[PDB]
Every structure is written in C-alpha cells, then in structure tokens.
Amino acid sequence: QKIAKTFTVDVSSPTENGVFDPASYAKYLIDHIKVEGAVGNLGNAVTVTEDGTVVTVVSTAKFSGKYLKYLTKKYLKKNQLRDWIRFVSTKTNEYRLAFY
Amino acid sequence: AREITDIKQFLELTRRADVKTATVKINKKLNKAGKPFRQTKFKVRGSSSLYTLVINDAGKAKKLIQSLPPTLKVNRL
Amino acid sequence: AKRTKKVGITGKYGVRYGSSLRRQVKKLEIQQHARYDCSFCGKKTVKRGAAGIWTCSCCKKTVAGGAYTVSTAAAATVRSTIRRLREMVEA
Amino acid sequence: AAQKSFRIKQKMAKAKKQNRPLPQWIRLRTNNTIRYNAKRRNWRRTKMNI
Amino acid sequence: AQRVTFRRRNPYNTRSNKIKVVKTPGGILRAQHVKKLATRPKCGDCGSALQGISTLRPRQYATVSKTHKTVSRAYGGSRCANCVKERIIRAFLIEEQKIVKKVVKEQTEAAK
RNA sequence: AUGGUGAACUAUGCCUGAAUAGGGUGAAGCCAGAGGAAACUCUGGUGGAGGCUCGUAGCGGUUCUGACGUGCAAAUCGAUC
RNA sequence: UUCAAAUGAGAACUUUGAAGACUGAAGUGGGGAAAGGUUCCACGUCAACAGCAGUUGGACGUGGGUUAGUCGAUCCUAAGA
RNA sequence: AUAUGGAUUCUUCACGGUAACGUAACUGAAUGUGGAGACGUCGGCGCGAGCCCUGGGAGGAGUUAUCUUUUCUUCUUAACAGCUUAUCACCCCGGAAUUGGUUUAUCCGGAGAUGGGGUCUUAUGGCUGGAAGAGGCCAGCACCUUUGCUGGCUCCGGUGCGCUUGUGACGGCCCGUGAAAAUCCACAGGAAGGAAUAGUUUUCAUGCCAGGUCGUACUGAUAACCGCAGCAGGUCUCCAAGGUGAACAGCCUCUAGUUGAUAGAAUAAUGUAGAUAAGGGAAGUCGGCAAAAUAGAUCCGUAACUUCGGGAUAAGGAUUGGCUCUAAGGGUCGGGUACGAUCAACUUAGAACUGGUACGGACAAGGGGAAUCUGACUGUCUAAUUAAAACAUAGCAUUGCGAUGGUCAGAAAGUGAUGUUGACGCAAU
Ligand SMILES: [Mg+2]
Ligand SMILES: [Mg+2]
Ligand SMILES: [Mg+2]
Ligand SMILES: [Mg+2]
Ligand SMILES: [Mg+2]
Ligand SMILES: [Mg+2]
Ligand SMILES: [Mg+2]
Ligand SMILES: [Mg+2]
Ligand SMILES: [Mg+2]
Ligand SMILES: [Mg+2]
Ligand SMILES: [Mg+2]
Ligand SMILES: [Mg+2]
Ligand SMILES: [Mg+2]
Ligand SMILES: [Mg+2]
Ligand SMILES: [Mg+2]
Ligand SMILES: [Mg+2]
Ligand SMILES: [Mg+2]
Ligand SMILES: [Mg+2]
Ligand SMILES: [Mg+2]
Ligand SMILES: [Mg+2]
Ligand SMILES: [Mg+2]
Ligand SMILES: [Mg+2]
Ligand SMILES: [Mg+2]
Ligand SMILES: [Mg+2]
Ligand SMILES: [Mg+2]
Ligand SMILES: [Mg+2]
Ligand SMILES: [Mg+2]
Ligand SMILES: [Mg+2]
Ligand SMILES: [Mg+2]
Ligand SMILES: [Mg+2]
Ligand SMILES: [Mg+2]
Ligand SMILES: [Mg+2]
Ligand SMILES: [Mg+2]
Ligand SMILES: [Mg+2]
Ligand SMILES: [Mg+2]
Ligand SMILES: [Mg+2]
Ligand SMILES: [Mg+2]
Ligand SMILES: [Mg+2]
Ligand SMILES: [Mg+2]
Ligand SMILES: [Mg+2]
Ligand SMILES: [Mg+2]
Ligand SMILES: [Mg+2]
Ligand SMILES: [Mg+2]
Ligand SMILES: [Mg+2]
Ligand SMILES: [Mg+2]
Ligand SMILES: [Mg+2]
Ligand SMILES: [Mg+2]
Ligand SMILES: [Mg+2]
Ligand SMILES: [Mg+2]
Ligand SMILES: [Mg+2]
Ligand SMILES: [Mg+2]
Ligand SMILES: [Mg+2]
Ligand SMILES: [Mg+2]
Ligand SMILES: [Mg+2]
Ligand SMILES: [Mg+2]
Ligand SMILES: [Mg+2]
Ligand SMILES: [Mg+2]
Ligand SMILES: [Mg+2]
Ligand SMILES: [Mg+2]
Ligand SMILES: [Mg+2]
Ligand SMILES: [Mg+2]
Ligand SMILES: [Mg+2]
Ligand SMILES: [Mg+2]
Ligand SMILES: [Mg+2]
Ligand SMILES: [Mg+2]
Ligand SMILES: [Mg+2]
Ligand SMILES: [Mg+2]
Ligand SMILES: [Mg+2]
Ligand SMILES: [Mg+2]
Ligand SMILES: [Mg+2]
Ligand SMILES: [Mg+2]
Ligand SMILES: [Mg+2]
Ligand SMILES: [Mg+2]
Ligand SMILES: [Mg+2]
Ligand SMILES: [Mg+2]
Ligand SMILES: [Mg+2]
Ligand SMILES: [Zn+2]
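Residues numbered from 1 in each chain as written, not as in the entry; some residues may be left out. Chains lettered and ligands numbered in written order. Part of a larger assembly, values for the part shown. Heavy atoms only, no water. Residues with missing side-chain atoms left out of burial classes, pairs and counts.

The name the PDB entry gives chain D is 60S ribosomal protein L39, with Saccharomyces cerevisiae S288c as the organism. The header of this PDB entry states its title as "Crystal structure of Verrucarin bound to the yeast 80S ribosome". Chain D has a UniProt comment under Sequence similarities that states "Belongs to the eukaryotic ribosomal protein eL39 family." (UniProt positions renumbered as here; feature names shortened; annotations may be inferred.)

As annotated in the PDB entry, chain C carries the name 60S ribosomal protein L43-A and is attributed to Saccharomyces cerevisiae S288c. Recorded under Subcellular location, the UniProt text for chain C is reproduced unchanged: "Cytoplasm". Among the UniProt annotations of chain C, the heading Sequence similarities holds the following wording: "Belongs to the eukaryotic ribosomal protein eL43 family."

Peer 1: Explain the arrangement of the chains to me, please; I cannot follow it from the model alone.
Peer 2: Contact between chain B and chain C is absent, and the least distance between their C-alpha atoms amounts to 48 Å. Separating chain A from chain D is a minimum C-alpha gap of 53 Å, and the two share no contact. (Contact = heavy atoms within 4.5 Å.)

Peer 1: Got a minute to help me understand the environment of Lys73(A) in this structure?
Peer 2: Residues and elements named next belong to chain A. Note on placement: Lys-73 falls in helix α3 (residues 65–78). On the basis of relative accessible area, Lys-73 is assigned to the partly exposed category, the value being 36%. For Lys-73 and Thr-6, which are 67 residues apart along the polypeptide, the C-alpha to C-alpha distance reads 19 Å. (Helix = DSSP H or I, 4+ residues; strand = E, 2+ residues; numbered from the N terminus. Buried < 20%, exposed > 50% of the residue type's maximum accessible area, 1.4 Å probe, protein only.)

Peer 1: Would you mind going over the protein's contact with RNA strand G with me for this structure?
Peer 2: Taken together, 23 residues are adjacent to RNA strand G, and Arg40(D), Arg41(D), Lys47(D), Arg3(E) and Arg9(E) come closest. The sugar-phosphate portion of RNA strand G accounts for 57% of its atoms within 4 Å of the protein, the bases making up the rest. Residue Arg40(D) places a side-chain N or O atom 2.5 Å away from a phosphate oxygen belonging to RNA strand G. Here the residues of the surface near RNA strand G sort into ten nonpolar, four polar and nine charged. (Near = heavy atom within 4 Å. Polar contact = N/O pair within 3.5 Å; in protein donor to acceptor, adjacent residues only side chain to side chain. Nonpolar A, V, L, I, M, F, W, Y, C, P; charged D, E, K, R; others polar.)

Peer 1: Help me understand the side chain of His33(E) in this model?
Peer 2: Residue and element names in this part refer to chain E. Locating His-33 in the fold gives a position in strand β4 (residues 33–34). A polar contact of 3.5 Å, which involves the side chain of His-33, links it to the backbone nitrogen of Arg-8. For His-33, the side chain forms a polar contact with the side chain of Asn-17, separated by 3.0 Å. Beyond its immediate chain neighbours, meaning those up to four positions away, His-33 contacts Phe-6, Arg-7, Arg-8, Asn-17, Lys-18 and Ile-19.

Peer 1: Looking at this model, I keep getting lost on the environment of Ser71(C). Mind explaining?
Peer 2: Residues and elements named next belong to chain C. Within the fold, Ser-71 resides in the loop between β3 (62–64) and α2 (73–87). In the structure, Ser-71 is positioned 19 residues away from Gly-52 in sequence and 9.3 Å away in space, judged by C-alpha atoms. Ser-71 has contacts with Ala-76 and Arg-79, leaving out every residue within four places of it along the chain. At 3.0 Å, the side chain of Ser-71 forms a polar contact with the side chain of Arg-79.

Next comes the structure, spelled out in structure tokens:
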C-alpha cells in the first residue's frame, strides 16, 4: 500500500572531468523537486544524498523516473551542460550521466 | 497448436514414432505478485499438431528432460 | 392529450391528396393495421401481413381473409349460405 | 486489364517483341533498303484494340 | 490514424466481402475477410432454431462429428422435441380412435 | 432502291450488385393525470409516421441572358440555383 | 514560392539539405473494378517529344521483373442465350 | 489410401439425464422427408471490434531568459486449437385478482405467468496453447568491410447519448411482403451385414500420399482509361486521426503525399475576378438584371385562410464574449427474518465580476408581406438556345373481352406478348 522507491544516478563520468559538480546538482533537486504542488515540501516523504560518485533519491510520494530525467535535464540546461551530458537509463530505475 | 498437461500423455507423445523433433523453451515470468521464477515449455512436434507442455515447476522441469528419449532431436532453447 | 382532431393515422400524408381520399384510406388503414381475435386460441393476436393474409402472434394459425379486414361481409354471408346449403344434404 | 485471359496476355506478349529498333546489322546487307523500323508502336500513341 | 485496404481483388462491398479490422503482432492494423455468418438449422414442424444442434455453414457440417448434428431423441436433429411430443400423442390417439371407429361401425352393420 | 453494321452514347424493361453528413417537424400506437350527473371532454408524457422539410455528398441545370466564344472544352468554367 | 550545395559543357526547372506553404482523411493519403499493356524496376541517355528549359520523364537505348491445394477464374444458377 | 490406439458386442448395433439435452466414438441400403445455401427497408434500444479520449509506470525524443512532476512518442499479439463465454429459445417444480411480470418503444400468462432451479446456439468475449523465440522501444560495446555482439524494457489501469462498422432482440411500412441453382447436413425408414474363442465398427484420436490449368507487374487518373493530346470535361468502389461546431459542413492541424501549372521587369488605357463609397433610395431598367439586405441558437410573440394535416422560422421582437461561483440531474457494494462508503460523467437553469456595449465576433447562415394568372401536390422532358402553364400522377369516367376470347407480334409455322394471367382481371381511350 505504502512503498518507497529508489532512484540512482551515476554522475561519475562527467564529474571526473570537473565540469560536473554534484554539490549544486543534488542541491538543485532538494529545493526544486515539487511535492503535491510545490518545492520545499519534502516532509520526510522524499530525500536526496550524494555518494560522491552517485546521487541518490528516495521517495514515498508521487515520483517517477521520467520526472527525474526532467528536473536534471533542466539543471544540465541551466549550467549550459546540454550537448555535453545525456541523462540515460542503464538498467531499469538506475540512471547515469553520459559524457563524451 | 495444442496444449498438453498430463505429464504421462506427454511422454507417450514424445515416443510416437512420427515425432522426430522437440524443442525446450525457458521463460522468466513472475510468481503470483512478487518475485520471479523459471518457466519451461516442452514442445513436441507432430505430423499435424505441435504439442506444448508447460511445467511451471523448475524441478519437474529438470527431471523431465532426462526422461526425454535419447533418439529425439531436442532443440534446446 | 388529443394529438390530432380528425386525421388520426392519416396525419402522415399531411395536406396532400385532398380530405376525402384521406378519409377513405384512413378507414381501411385503421382496419388493416388493427389487432384481431383468433378464431382458434381466442387471443386478440391477429395482425395482417400483406393483403388477405392474417396470422396469429402466438398459436401461429394463418387465415386467408379480406384485403384490409379479417372477415369481409361477402365472405361471411357465403359462410352462412354454404352452412344452409350443406344442411340440405344431411336432413 | 489486370485479370487477363491467357489469350490477351499472349497478344500482349507478342507485341512486346515487335517493339524493338531495327537490328542494326540488316542495314549492312547487300541491297538493303530498310532504313528504320517502320511499324513501331508506342503504348500512349496507338492503342492496339485487344 | 491508421487506415486499411481490402485483401482481395473485389473492391466493392458485397455480402461476400465483409471486412474485420485486426491488430497483428507486428503492431499494425490489417484487414481480414469475414465469412458470412452461419444461421441455425430450423424445425421441420414448427420452425424454431432447433437446439442441441451446432450452427455452421452447410458444407462445414461434413467436417464435424455426428453428435453436433443431433439430439438423442426420435427425430433428433430434425424436429423440435415439443413438436415430437405432439406427433407422438396424435399418433396414439388417432390409432386408438380408429379402433373405436371400427367396432362402432362393426356394430352398425349387425343392428340396423 | 438493295444488302448489310450498330443499344461502349442514350431511351425503356428485366437479373444481379452497390450508394445517401448533420438538422427541423412530431402522425398511429402507448403510459400517467384533470374535469364532468352523465354523455363525454381535457392535460403532461411516450413513441417516431411522411412520394414531409433545412441542407451536404449525390443527381439536376435556374439566372447572371456572368466567363469562354480561333475555348481548358465540338457544351466547358464560376457564382447563384 | 525561397537559400545553399552537389552534379553537369550548360541548372529558374535535376539530386540533396534548409526554409516557406498545400492537399487536410468527402485527401494531392493507402488500395482496387473496367480500360490500357510494360507504362513497373535498374542502368545508360537527350536527336525528336514533355507548346519556356532540361543534366529530368509515363521519352529514347538496353536489360530485369509477375512464384498459390487455401486469392480470383474454374463449379452454380439469374434476366437471358 | 490406410493401419494403431480407442469405442462397442455374450442383453449384439453406447450410455447417462424426470426433461429440455449430454458425449470422443457409438453400423444403416433403396425410398421418403426436413434443414442449410436463402435473401426488403427504415427506426430506436442492446452488445462486440477498430478508432477516439485518458491515469500510473518503464524508456527515447523536444522546450526550458522565465513557467510547465511538461510537450511529443514506444508499451503489439494472426489464422488456428483447448476450456470458458449469450440475448433469444426450451425444460422441471409450481398454480396466479389486490392481477402480476415487464420494454426507451404495451406486450405476455390457466394453451400455466411472477418465482426457484436447469438445457441449448457459441455471434462475441476472457484465459491458455500458437507466442516471444516474433514485432516494437532503448542502452552498452565493436570496425573499411559482410556487418555483427551483448544487455535490458515490451507493464497495470480508467472513461461513453463518442466515431466508423458489425451484430442482436424488437418495432414501422406495403393493392411492393423484397432471387435461383450447385452444394452440405440431418431425420423417417430397416434392406442387409455383423460376436465369445472372438466379431463389427473409420461421422472418436493419431498416422500416409497428392492437389493440375490460367491470371498475379504498374496506372486507375488536373499525365498510364475515354474525350485527335501529359485536354480545367467524363469515368463503378473500400479504409478514413485532432480541435471548433449539430456534423463526414466550412476553417486550422498529425500521418502520408505534394510543392507540379514558362519565367523576369513594370503596374497605362480597356478588361476578367474580388471589394468599399457621402446624401438620396429604384428616380435606373422591358423588368430591382446585378448587387445589397437577412441568416445560428435560446426565449417571447405570431394574421388571413384551410381539405384542420397546415399556413409558420408567418410576421414581430429580445438575447449571445470572457471570467468567477451556485443549484438540480447518475453507478457500485454489505444491512436481522433511517442512512452510510466510494467512483465516474457534459447537460441545463440561476448569479456575480469584467470590457472603447463588444460577443452565431473568422467560418457558417432563410429577406419578408399583400394580391392576380396558371398547374393540385412529389415527380418528367427538348444531351448541346425552350424546365414551363407542357408530360406524368393519384382521382373521375368511358370502351373491349368468359379463353373456340379481347389487344397486339410474325413471311410462315406443331410460331409468339398479355399469361406463373381470368373481370377486385388483361387490354384500349
Ligand atoms: Mg497512438
Ligand atoms: Mg489485391
Ligand atoms: Mg447434440
Ligand atoms: Mg453441441
Ligand atoms: Mg432408430
Ligand atoms: Mg448499356
Ligand atoms: Mg444493402
Ligand atoms: Mg441522415
Ligand atoms: Mg370525477
Ligand atoms: Mg426523425
Ligand atoms: Mg422531399
Ligand atoms: Mg426539401
Ligand atoms: Mg435548421
Ligand atoms: Mg446546414
Ligand atoms: Mg454537382
Ligand atoms: Mg433529379
Ligand atoms: Mg452553370
Ligand atoms: Mg452568357
Ligand atoms: Mg475574346
Ligand atoms: Mg444547393
Ligand atoms: Mg519552377
Ligand atoms: Mg491547410
Ligand atoms: Mg471536408
Ligand atoms: Mg496531381
Ligand atoms: Mg495504359
Ligand atoms: Mg519509372
Ligand atoms: Mg536537347
Ligand atoms: Mg511526351
Ligand atoms: Mg518543349
Ligand atoms: Mg530541347
Ligand atoms: Mg524503355
Ligand atoms: Mg524494356
Ligand atoms: Mg477460394
Ligand atoms: Mg479448374
Ligand atoms: Mg462411451
Ligand atoms: Mg433434400
Ligand atoms: Mg429451404
Ligand atoms: Mg442471394
Ligand atoms: Mg481463417
Ligand atoms: Mg432462470
Ligand atoms: Mg432440474
Ligand atoms: Mg442513451
Ligand atoms: Mg458505409
Ligand atoms: Mg417480414
Ligand atoms: Mg443441418
Ligand atoms: Mg436384400
Ligand atoms: Mg475420420
Ligand atoms: Mg498487385
Ligand atoms: Mg496499384
Ligand atoms: Mg498519375
Ligand atoms: Mg488515351
Ligand atoms: Mg484514337
Ligand atoms: Mg483531364
Ligand atoms: Mg500520388
Ligand atoms: Mg498552362
Ligand atoms: Mg508575368
Ligand atoms: Mg451610397
Ligand atoms: Mg429606406
Ligand atoms: Mg417606393
Ligand atoms: Mg420606372
Ligand atoms: Mg415599363
Ligand atoms: Mg415585365
Ligand atoms: Mg437576383
Ligand atoms: Mg453594407
Ligand atoms: Mg405568409
Ligand atoms: Mg454574460
Ligand atoms: Mg453535483
Ligand atoms: Mg429571479
Ligand atoms: Mg407542378
Ligand atoms: Mg416539382
Ligand atoms: Mg435544351
Ligand atoms: Mg435537336
Ligand atoms: Mg423545373
Ligand atoms: Mg435550360
Ligand atoms: Mg376533380
Ligand atoms: Mg404446322
Ligand atoms: Zn391463435
């Protein structure tokens, strides 16, 4: 009935060219991820961390993989990094930023 | 195009003299609601009908494959 | 709620053909559509199905009658005339 | 058209064969008089009446 | 968005050229020509669709086992059971009345 | 005048097929109700009739006596109908 | 309708890419019936033809292409002959 | 062609069910019979499929100065087979007035209703087999190549006066009642043929062989046909997305397809096609020819006259955007022998606010009224100068004719139409 879903991102390959900093990135998520309306409403219902090489996202609230690819598409857009990094799906529910 | 379920009647089929060739297929499908399990389908091909027997039970699966007549041309997978 | 004063089923022909032709047709239409008594099972289940052919909703007997009415005057009087003449050949 | 008698397919076929340029070697024959092929038809210039 | 074409030469919409649209395993819409429907065999007596019997196009009835073409009573796949009830009674009563008819008129002959 | 060839156009019948948005009207039948001494008379529903109607596609071809009138065309084009 | 490239002796007209539009599923879409008979497809190719052009074409030259027990015919009977 | 298994028989040609009927089988000659083939139209109502719309999720794509858990897109399942699945119809029990059951549409019952329980058709659908191995969508490596290789995901739902189409149970209509034959099956029949030392049985299952001939390309039309032609003509049909809207209308769009039609420069007169005009308002003209005016919808109002059906959108009026609210109209479950819980739908009326008083804002879309003449009406015709008052029609009336006949065809005929006819008829006015 309840359930928590877990979404990972392997930001390694573009972080290790300096050009991607996972500080402001998961930071972006934290206060931009909307929650039944608007930002800041992560009432312990949604959480984010960064495993240095990986950004983790965990949720009990309405949250999809497709959503993730959307917010971060926009980060990648905000800091000019489109062209340079795709958001992609390796195995189901497990994603990663692709450089080259 | 036929489906069989009597494991006996199956074996008899596999030895039916016009039955030169079979083919085992394996499928990952889920169990009830949760986890997965290995499904296997035994397909004897007859002059007219192609019979296929589903052993949902991985064990009855393995023990069935040795029961397969040594002179039957099984195509595994 | 009385829908038409006098055309009745004849209201379909609207204005055309002139009153008196519609009077004549109305009479015989009223005759031909209407449901009749079964001389056999005795339910009023007799409706027409082309001129002179009356059948029975249930019990399914089919009787050959007049063109827009089940029994036609002349027929009936023949029925009585034949009755009569028949008697002459028993007594 | 389209769904054809054998008979017509046959006429059709024969007509194809005759629809070729003079074979240029006849030109070189002693006393050869024939210049071009003067009986050639084009499908959209002359229908061939079955 | 996805349209369809006939599958045989006949371009017109005759009875014998009904279509049915279908989704194939290729993910696409294809046509399929439908045979005219079968109608149910009827009773020789009354005329109802007589039950028990299967309903196929007539030649198909020869590619089908006999039980699909009868019920296990006198006049199986032919007359409508209630219609057999009747003809059985009538048979019985009429043959009786005949006996009644004979000895009555046998009597008529000796005493007159 | 004689002997022949045409119903691929068109006229008519017969056989076998196929085709026609969306609206307007609201005929018989039917249900419930109201008045009245009575005879009987009313009302609201339902229903869905018609060589009915507005109007496409269709089929037509009214007017411009419109275009064209050595044409797109030996009969067409436009608007209107 | 337009920009550019490519090809070519030659490019308003061919090919490609871009742009601007159209038909708007009652289609300028996808198939067929009659009728055509190779028009299909590839390759070559411009003397005539496509009422400007032409490197393009339903043109010219040369080849290739139509696979069924189940789809049609074949059988059946209609008006009819 | 055929054997093997099964089924059947010592009660020889099966059993079971009260019955409707059931089934894997469960002999069947002549002859007879029945069914299928096999059938109009329209109307609403019911259901199926494809489409349309939509939620979650799992992928890929786009926009992101700013806003959008967004926009777009993939998420499929053939014939065939097994079980299952139905409106109708039928059976068994039962015996009904306080009549009941009941459709949107009033029909049904002592010739047995309501009720409870059964039987059947298998349209249709579900699940499974076919069948994920296919197809669809992605990701990660490889290298001139043929081109590979490896991974995943391919899931679960919702909505209905939707659209197209199929079908069903009905209902309207007829002086119209809406093919034939091949072919298949079933029944009535019982000729004959069959077992215990072993018989029948190929309508049950499984197995064996074979299936000729001809067509099969493409166009199907503003260039593949007919019009002397790559002619603005003509020429039978099927499939059919989104919005606005009553809609297959017009206008805009996705898919697909086009972007073909000599070109350049100017913008005189005169034209062809499209428009507007002060004040007047038909004075123009043979004549309001052309043109303009009108128009949707909701509401209000509506004359003469009439065959009472009409006349009628008569006439004559008001109103209409946006935005923000109010109210009414439905479904699904458990209640011992009053109500609550939840889901999903645009209609209609009312009320505020708001604007250069605009709002069927493009598109779409009737001018009305009073008379005379004349045909009743719908319908017909001079293809290519006449669409009318002409023809037709129903209605009326007249004539001929009982078959050895009326009317009519033929050179003749053992010839033919009416005639599958018979005066409520055929023929002639
Ligand atoms: Mg789609
Ligand atoms: Mg075809
Ligand atoms: Mg049966
Ligand atoms: Mg059955
Ligand atoms: Mg018997
Ligand atoms: Mg003709
Ligand atoms: Mg039809
Ligand atoms: Mg309509
Ligand atoms: Mg009273
Ligand atoms: Mg109507
Ligand atoms: Mg009309
Ligand atoms: Mg009209
Ligand atoms: Mg209207
Ligand atoms: Mg309209
Ligand atoms: Mg027209
Ligand atoms: Mg007409
Ligand atoms: Mg005109
Ligand atoms: Mg003129
Ligand atoms: Mg001129
Ligand atoms: Mg018009
Ligand atoms: Mg050009
Ligand atoms: Mg457009
Ligand atoms: Mg349109
Ligand atoms: Mg074109
Ligand atoms: Mg041609
Ligand atoms: Mg070509
Ligand atoms: Mg040249
Ligand atoms: Mg040419
Ligand atoms: Mg030229
Ligand atoms: Mg030239
Ligand atoms: Mg050539
Ligand atoms: Mg060639
Ligand atoms: Mg066939
Ligand atoms: Mg043959
Ligand atoms: Mg048995
Ligand atoms: Mg028979
Ligand atoms: Mg019959
Ligand atoms: Mg038929
Ligand atoms: Mg099939
Ligand atoms: Mg029941
Ligand atoms: Mg019972
Ligand atoms: Mg409804
Ligand atoms: Mg249709
Ligand atoms: Mg009928
Ligand atoms: Mg039958
Ligand atoms: Mg004998
Ligand atoms: Mg057999
Ligand atoms: Mg083809
Ligand atoms: Mg084609
Ligand atoms: Mg073309
Ligand atoms: Mg031509
Ligand atoms: Mg010619
Ligand atoms: Mg043309
Ligand atoms: Mg095209
Ligand atoms: Mg031109
Ligand atoms: Mg010019
Ligand atoms: Mg003025
Ligand atoms: Mg004035
Ligand atoms: Mg005046
Ligand atoms: Mg004057
Ligand atoms: Mg004058
Ligand atoms: Mg005058
Ligand atoms: Mg005018
Ligand atoms: Mg004005
Ligand atoms: Mg008036
Ligand atoms: Mg308002
Ligand atoms: Mg409410
Ligand atoms: Mg008030
Ligand atoms: Mg008239
Ligand atoms: Mg008229
Ligand atoms: Mg004329
Ligand atoms: Mg003339
Ligand atoms: Mg006229
Ligand atoms: Mg005229
Ligand atoms: Mg008169
Ligand atoms: Mg003679
Ligand atoms: Zn009766």
